[PDB]
């Protein structure tokens, strides 16, 4: 589990945790302050973190659309202005075996156990090695509308293309 801040925004810490073998997606989804992000559409930290940035910039300097920053990051993670669609494609599904648990807000201890209370699944390090087991490229290409001529050497290549998309909001 990682707590982090964005340089430009030291007043705001954010907590990400990654879960395997989640057995109660629908339990969660149905009975939903966190954001539960579907890691099939996240492939890197560069991706996740740029979308957080964009979220803050948006609430600080432009306009806030959703109820909270957790939602707004789900929105900002997507390459669309439609909220319901971003929630749907970037939020957990009922078939979600993995998820990213996210929130914005100092108590690492209470969090780690507020989460595992919600998620009947196995926590694992929020890092790139872990994220690049569960992203679904073809699914990404669908959602982020990528030409089949676009053929990156590796995940950085992919990531970049999504940062671009996330950033041109």
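In this text, rigid core is short for the largest set of C-alphas that superpose within 1.5 Å between two forms. Positions refer to the first chain, counted from 1.
So, in 4 other deposited structures of this protein, taking the root mean square over structures and residues of the Cα distances after a rigid core fit: is 123-131 or 23-31 the more displaced stretch? Between 123-131 and 23-31, greater C-alpha deviation in 4 other deposited structures of this protein belongs to 23-31.
Count of coordinate-less deposited residues separating residue 138 and residue 139, as none, 1 to 3, 4 to 9, or 10 or more? In the record, the chain runs straight from residue 138 to residue 139 with none unmodelled.
Residue 105 to residue 106: deposited residues without atomic coordinates: In the record, 4 to 9 residues between residue 105 and residue 106 lack coordinates.
Between 122-130 and 106-114, which has the higher average C-alpha B-factor in the PDB entry? Between 106-114 and 122-130, it is 106-114 that shows the higher mean C-alpha B-factor.
Modelled-residue ranking by C-alpha temperature factor, third containing residue 168: Middle third of the chain for residue 168's C-alpha B-factor.
For residue 3, return the chain-relative third of its C-alpha B-factor as stated in the PDB record: lowest, middle or highest. Highest third of the chain for residue 3's C-alpha B-factor.
State the tercile, meaning the lowest, middle or highest third, of residue 35 with respect to the CA B-factors recorded for its chain. Middle third by C-alpha B-factor.
What third of its chain, lowest, middle or highest, does the C-alpha temperature factor of residue 85 fall into? Its C-alpha B-factor, which the entry lists for residue 85, ranks in the lowest third among residues of this chain.
Chain-wide C-alpha B factor ranking for residue 62, given as lowest, middle or highest third: According to the entry, residue 62 has a C-alpha B-factor in the chain's highest third.
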